[PDB]
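Numbering (the working numbering), first residue to last: 338 to 463. A short worksheet on the structure shown next.
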């Protein structure tokens with residue numbers, strides 16, 4: 338029993354940072370589809386395959402993100418069970434890294450709502 342180390346704290350920060358980056362790339366791919374459909378009619382499997390790959394990566398991110406949240410829950414509970422209490426010493430992610438993760442979680446739902454809206458638009462339009 339003890340507290341998190343610096344090589345783990347940077348691993349996890351860097352993990353959060355990579356998710357932010359993946360979300361931002363997905364957003365740019367969704368914006369590109371949105372702009373395509375503003376440019377005119379593009380019916381067919383071409384854009385459905387890309388929508389499907391985007392949902393794919395979004396669902397992967399849902400897991401990566403739920404894992405981090407639940408891993409924090411494992412650390413908190415194990416620490417209590419070991420006689421070391423809580424605080425952010427027992428936690429690889431501190432109150433600040435946990436706050437980013439709330440915004441990342443929220444952005445994960447925004448992106449899903451958006452790719453669905455886009456899918457349903459193309460579905461109607463076609």
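For each residue, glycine too, the CB sits at the ideal point set by N, CA and C.
Q.
Given this structure, state the Cα-to-Cα distance separating residue 452 from residue 421, to the nearest angstrom.
A. As a position in the chain shown, residue 452 is number 115, starting the count at 1. As a position in the chain shown, residue 421 is number 84, starting the count at 1. Just so you know, the alpha carbons of residue 452 and residue 421 end up roughly 44 Å apart.
Q | Element boundaries [alpha helix (DSSP H), containing residue 382] | A | As a first step, residue 382 is located in the chain shown; it is residue number 45 there, counting from the start. Counting along the chain, the alpha helix (DSSP H) containing residue 382 begins and ends at 382-419.
Q. Can you tell me whether DSSP reads residue 378 as helix, strand or coil?
A. For the purposes of this step, residue 378 is identified with residue 41 of the chain shown, where counting begins at 1. Three-state result, residue 378: coil.
Q.
Please state the DSSP three-state secondary structure of residue 354.
A. As a first step, residue 354 must be located in the chain shown, where it is residue number 17. In this structure, residue 354 counts as helix in the three-state DSSP scheme.
Q) For residue 357, which of 418, 341, 443, 456 has the nearest alpha-carbon? A) Numbered from 1 along the chain shown, position 20 holds the residue referred to as residue 357. Taking only the C-alpha atoms, the option nearest residue 357 is 443.
**Q.** Cβ pair count under 8 Å reaching 3, the segment 382-401 against the segment 343-363
**A.** yes
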